[PDB]
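Just the one chain here, the form deposited in one PDB entry, laid out as structure tokens.
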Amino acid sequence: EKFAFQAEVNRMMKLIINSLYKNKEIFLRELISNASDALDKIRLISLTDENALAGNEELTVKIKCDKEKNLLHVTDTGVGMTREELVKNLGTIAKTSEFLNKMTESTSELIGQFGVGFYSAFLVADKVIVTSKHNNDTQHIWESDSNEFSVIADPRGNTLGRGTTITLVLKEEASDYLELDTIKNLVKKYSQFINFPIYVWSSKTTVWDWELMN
């Protein structure tokens, strides 16, 4: 159930952490961007398939601060990932070569062009948990502290309907990202060219609910 990252992913994770240690907020730009791509990908599957949206009828992004448990959740209802997509999409690249030399040679711009912005999560996270439910497979969980990862069947069953949650066990330097004021400012900033509604679980004067940001 446990796996090793491949060499280039280790190299790029290190490259990412030492380039963007100053612009740490980009991690949340890249999680929202990756969520939009996933929703896009299911919207197009649904063009040639009316069962595509069966698992869950909406196309959203819901973001959650849980500051007692030191966690940040970015859940989308996009195309999701089968168990094998968790293993190769997240532990592999292949589909790079010169990128490792063209990134060493502003790389904040260029991380998103190769779609590799997921690893920017380790800038702020000690653990990343990816819970994903794909129409062609059961819900699975991917877990890593960057020194390895594992995928396991989710014992809670299919909670997502379809889609993906990124869960970040935040570092102590990233405790700032647990206050709604900061989070909603960074989400508002990075959600404007996103074609899906993006919500944060927020507080109003007191009850909790999804608050729309775009």
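C-alpha atoms forming the largest set that superposes within 1.5 Å between two forms make up the rigid core. Numbering starts at 1 and runs along the sequence shown.
The same protein also exists as the form deposited in another entry; that form is not shown, yet it is the one meant from here on.
- With the core held fixed between this form and the one not shown, residue 89 has its Cα displaced by at least 2 Å.
- Taking the rigid core as fixed, one finds a CA shift for residue 79 smaller than 2 Å between this form and the one not shown.
- After superposition on the rigid core, the Cα atom of residue 138 is displaced by less than 2 Å between this form and the one not shown.
- In that other deposited form, the CA atoms of residue 114 and residue 78 sit closer together than in the displayed form, by at least 3 angstroms.
- Cα-Cα spacing of residue 171 to residue 6 is enlarged in that other deposited form versus the present form (difference of at least 3 Å).
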